[PDB]
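Line by line, the protein sequences give chains X and Z. Numbering (the UniProt record's numbering) for the first sequence: 434 to 447. Numbering (the UniProt record's numbering) for the second sequence: 38 to 361. Right, one structure below, let's go through it.
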Amino acid sequence: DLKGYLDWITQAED
Amino acid sequence: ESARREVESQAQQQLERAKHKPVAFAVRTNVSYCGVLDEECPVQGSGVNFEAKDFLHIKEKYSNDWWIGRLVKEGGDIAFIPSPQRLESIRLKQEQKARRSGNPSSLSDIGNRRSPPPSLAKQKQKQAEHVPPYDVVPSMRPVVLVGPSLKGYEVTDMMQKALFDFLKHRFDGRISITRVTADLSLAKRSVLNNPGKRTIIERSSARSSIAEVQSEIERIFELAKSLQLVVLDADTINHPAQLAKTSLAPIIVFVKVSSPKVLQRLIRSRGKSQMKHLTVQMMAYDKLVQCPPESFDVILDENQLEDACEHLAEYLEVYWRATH
C-alpha cells in the first residue's frame, strides 16, 4: 500500500 | 375526433424539428412516476420511466403543463416530462384513490359525520417546509474530490492535485478548472425572500460573505449551463452531508485508504508540520470513512495513481457521452 502512496504524495506537487 | 390526431402530428413534427437544438436548462426529479401511463401526454407511448433522484435535460418550451426533455442515460431518446404544476396535479391524484385523505376516518362510520374536506385536507396547508417537486439544479453535476484528509493540507493537496493535473492534461481543450475561494456549504434556497440585497444597509448579514456565496452559486450555475465540464478546487468542503441537501449536490469522488496505519506512515514520511495536524487529520479521516459509501457518488480504493486516474477517466468519459 505504501509503495503506491509514497509516490502519490511525492511526484504530484512535491 | 381528428383534433387529437392533428395535435399529435403537430407535436411530433415539432419534436423532430427541435431534436437538434441547443439545450436550455435541466432539473432534477425527486419523485417516481412514469410519463407513458398518463393520458394527458401530448404524445402517447413515448413516456420516460424516471425514478427518484433522476435528471432530465429540457431544451424548449411547450406549455404550462408539459416540457420536452432528454434522458441523461446513454442512448436516451426524446421524451416528455410534466411541468411542476402537472407534477403537483398528479401527486394530488396519487392519494385521491384512497377512501379518505382528510380527518374523517372510514372506520365503519358513514352517514353521521359528513365532514366536508377543509383547507387542511388540500395542498394549501402543509406549507411549513414545502419541498419543491422540481428543483433548478445545474445542467451538469460538478466534480469534487473528498478525502482522505483535510482540504488545504499537504496530503490531500498532492493526492488531489495529481488527479486534477491528469484531468487537465487528458481533457485539454474541453474542460475548465476553477477554484472557489468563497464558501459553498451554505447553498440554501428557502431562507428569505432577499437576504442582504444591498451591502450599504450595514445589517448583520449585509457585511457577511453570503453575497459572495450566492454570486459563486450563480457563477457555477451559468458555468454548468455552458455544457463544458468543470471541476471544483474549493477547499471548504469536508463531508458529503454538508452539500448533499443543497442545490448543487456535486458528484462526490471519495478516495480511501485501507487502514489508518498506512496514512500514519505517509505523514510520517512528510515531516513534523503535518505531524502536528496528524491527530486532526486522522479524526477527520475516521469520521469521513464511517459514512456508508452510497452517500458518495464514486469510490476509489486503488493504491496506485494510474488505476484511480484512469478509472475516474472512463467515468467522466461515460458521463460526457451519456449526456449527449
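Positions of the beta carbon are idealized from the N, C-alpha and C atoms, including for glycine.
- Excluding five sequence positions before and after residue 162 of chain Z, the CB atoms of its chain that fall closer than 8 Å to its own CB belong to 156, given in chain order.
- Within its own chain, the residues whose Cβ lies closer than 7 Å to the Cβ of residue 249 of chain Z, once the five positions on either side in sequence are excluded, are 219, listed in chain order.
- Per DSSP, residue 98 of chain Z is not a residue of any alpha helix (DSSP H); the beta strand (DSSP E) it occupies stretches across 91-98.
- Close CB contacts of residue 65 of chain Z within its chain, under the 6 Å cut and outside five residues either way in sequence, are with 92, 172, 174 (chain order).
- Residue burial is scored here from C-beta neighbours: residue 280 of chain Z has at least 16 other C-beta atoms within 10 angstroms and is therefore classed as buried.
- Between residue 276 of chain Z and residue 225 of chain Z, the C-beta spacing is not below 9 Å.
- Any Cβ of chain X closer than 9 Å to the Cβ of residue 76 of chain Z would place that residue at the interface, and such an atom is absent.
- Around residue 194 of chain Z, the beta-carbon contacts reaching into chain X at under 7 Å are 446.
- With fewer than 16 other CB atoms across the displayed protein chains lying within 10 angstroms of its CB, residue 235 of chain Z is exposed.
- Selection Z:300, Z:58, Z:231 evaluated against residue 317 of chain Z yields Z:300 as nearest (Cα-Cα).
- What residue 341 of chain Z touches in chain X, judged by beta-carbon distance under 7 Å, is 437, going in chain order.
- Residue contact check for residue 349 of chain Z against chain X: no CB pair falls below 9 Å.
- DSSP, reduced to helix, strand and coil, places residue 203 of chain Z within a helical segment of the structure shown.
- The beta carbon of residue 159 of chain Z sits no closer than 9 Å to any beta carbon of chain X.
- With contacts defined as CB atoms closer than 9 Å, residue 128 of chain Z and residue 141 of chain Z fail to qualify as a contacting pair.
- Under the DSSP assignment, residue 297 of chain Z falls in the alpha helix (DSSP H) whose first and last residues are 297-307.
- Within chain X, the C-beta atoms nearer than 8 Å to that of residue 303 of chain Z come from 435, 438, 439, 442, in chain order.
- Under the criterion of beta carbons closer than 8 Å, residue 203 of chain Z and residue 346 of chain Z qualify as touching, at roughly 5 Å.
- Its chain contains 94, 95, 96, 107, 176, 264 as the residues whose beta carbon lies nearer than 8 Å to that of residue 60 of chain Z, once the 5 sequence neighbours on both sides are disregarded; these appear in chain order.
- Here the segment 287-303 of chain Z lies against the segment 434-442 of chain X, with 3 or more beta-carbon pairs under 8 Å apart.
- In this structure, the alpha-carbon of residue 139 of chain Z lies about 10 Å from that of residue 133 of chain Z.
- For residue 171 of chain Z, DSSP records a beta bridge to Z:66.
- Checking the DSSP bridge columns, you'll see residue 290 of chain Z partnered with Z:182, Z:335.
- The CB of residue 198 of chain Z comes closer than 9 Å to the CB of 445, 446 in chain X, given here in chain order.
- Scanning chain X for C-beta atoms nearer than 8 Å to the C-beta of residue 211 of chain Z yields nothing, as the closest lies near 23 Å away.
- Taking 9 Å as the threshold, the shortest C-beta distance from residue 202 of chain Z to chain X falls below it.
- In the assembly as shown, residue 153 of chain Z is an exposed residue. Its beta-carbon has fewer than 16 other beta-carbons within 10 Å.
- The Cβ atoms of residue 117 of chain Z and residue 145 of chain Z lie no closer than 9 Å to each other.
- Interface annotation, residue 207 of chain Z: not in contact with chain X, CB-CB separation never under 9 Å.
- If you look at residue 119 of chain Z, you'll find it in the beta strand (DSSP E) that goes 115-119.
- A straight-line Cα-Cα distance of about 15 Å links residue 207 of chain Z and residue 344 of chain Z.
- Residue state for residue 236 of chain Z is assigned as coil, using DSSP reduced to three classes.
- The contact set of residue 295 of chain Z on chain X, defined by CB atoms closer than 8 Å, consists of 434 in chain order.
- Of the other Cβ atoms in all chains shown, fewer than 16 fall within 10 Å of the Cβ of residue 255 of chain Z; this residue is therefore exposed.
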